[PDB]
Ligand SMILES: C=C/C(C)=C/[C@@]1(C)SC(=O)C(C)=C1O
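One chain comes next, on its own, written out as structure tokens in the form solved without ligand TLM.
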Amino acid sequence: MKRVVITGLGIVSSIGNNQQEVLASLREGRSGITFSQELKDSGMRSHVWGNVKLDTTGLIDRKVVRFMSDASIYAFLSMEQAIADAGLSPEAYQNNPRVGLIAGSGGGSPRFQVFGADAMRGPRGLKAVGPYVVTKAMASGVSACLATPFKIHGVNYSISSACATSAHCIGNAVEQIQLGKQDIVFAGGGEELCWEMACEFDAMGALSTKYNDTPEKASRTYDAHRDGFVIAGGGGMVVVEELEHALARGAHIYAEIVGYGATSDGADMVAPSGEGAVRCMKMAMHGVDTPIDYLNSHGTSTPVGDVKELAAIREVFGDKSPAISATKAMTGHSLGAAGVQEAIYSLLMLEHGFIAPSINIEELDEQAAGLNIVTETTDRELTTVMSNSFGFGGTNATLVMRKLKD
């Protein structure tokens, strides 16, 4: 019966290496997509990506970083930011059984899986593989690599659900607190950016390929000429905390998590049914007495997906369409890190009072007609915001966050 609030945030993405840079990008509709020589050289048709523009060299202690893959590094850097932003000191969160960590990635580390296989087939065998590939490649790398250095004693595991990954991590963190098991749970995720994983999506025809010469226009949610998502990477982390506990320490509260929906389509393996999304949004709005002012859509910029989601939104809201914008048009699709990053973009909009634009729409899709899709930065006092995450395998997640009465 506990109330749950977010008291700190951290982020490393294609549009910024901290919340200050991300905020500026969001206000300006600044694209984080660039041309990738790595993707091109691999033989892929998609040569654009949402890359993290930061050299992480030396940013993490040698003895800690030896066990990590990029998803973990990104998540680790985001957690450090979150801890500082939350105002937490070591004695408050370390070696404390009421403090946990739930963070994951959608793909683990294809790069280190392959590195290990290649090394093993070489003339050096096991010696070339080394003793650190396991923690780099295992699916729970993101949580294992963070829980250990930060001395976490509470829950510790990774949740994985493709594009919905980090949204479920936050939702499950919420449940641990409601259940009275934890006081604080660091929730989020990370994802590496590499051709080893990207080629898989390109082979499936999911990625954009017609705008390689104009990377900033490849990701274009709702535009009539969109042709797939633009892959990205990065990390994000939020401090999910129980209300009394947060108030007792004088924490700064960004918002209260008032709704969480998690459903399944039980239909198609790669395309959304729309029906599961309807159920998901309704579940999250259950008991939310205020209207939704802004909705950060999943909108990956794919022909079928953008539309199914728009159809589900009409079903749920009918004529009360809330303001809508797809930030993926600026950032690209970070897969496992999308859920937490997009929850962070929404919290910043709620905190600073503006709606980030849905950029690159040259010709609005017909099925988007009649909806309030915001295409230019607009200042507006927001109170209740919603963020959708629908992943492959038909797994859906929706989070609803609302300002806590001052």
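Position 1 is the first residue in the sequence shown; the rest follow in order.
Just so it is clear, the following notes concern the form deposited with ligand TLM bound, a form of the same protein that is not shown.
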Practice task
Check whether residue 229 has any heavy atom within 4.5 Å of a heavy atom of ligand TLM in the deposited complex, and answer yes or no.
Solution key: yes
Handout entry: Touches ligand TLM in the deposited complex: residue 81 (any heavy atom, 4.5 Å)
Key = no
Practice task
Look up in the deposited complex whether residue 268 has a non-hydrogen atom within 4.5 angstroms of ligand TLM, and give yes or no.
Solution key: yes
Handout entry: Contact flag, residue 391 vs ligand TLM in the deposited complex, heavy atom cut 4.5 Å
Key = yes
Fill in the blank from the handout: in the deposited complex, the residue from 263, 172, 182, 300 with a non-hydrogen atom within 4.5 Å of ligand TLM is 300
Practice task
State the residue from 163, 71, 312, 280 whose non-hydrogen atoms include one within 4.5 Å of ligand TLM in the deposited complex.
Solution key: 163
Practice task
Tell me the stretch among 247-255, 208-216, 292-300, 89-97 that has any heavy atom within 4.5 angstroms of ligand TLM in the deposited complex.
Solution key: 292-300
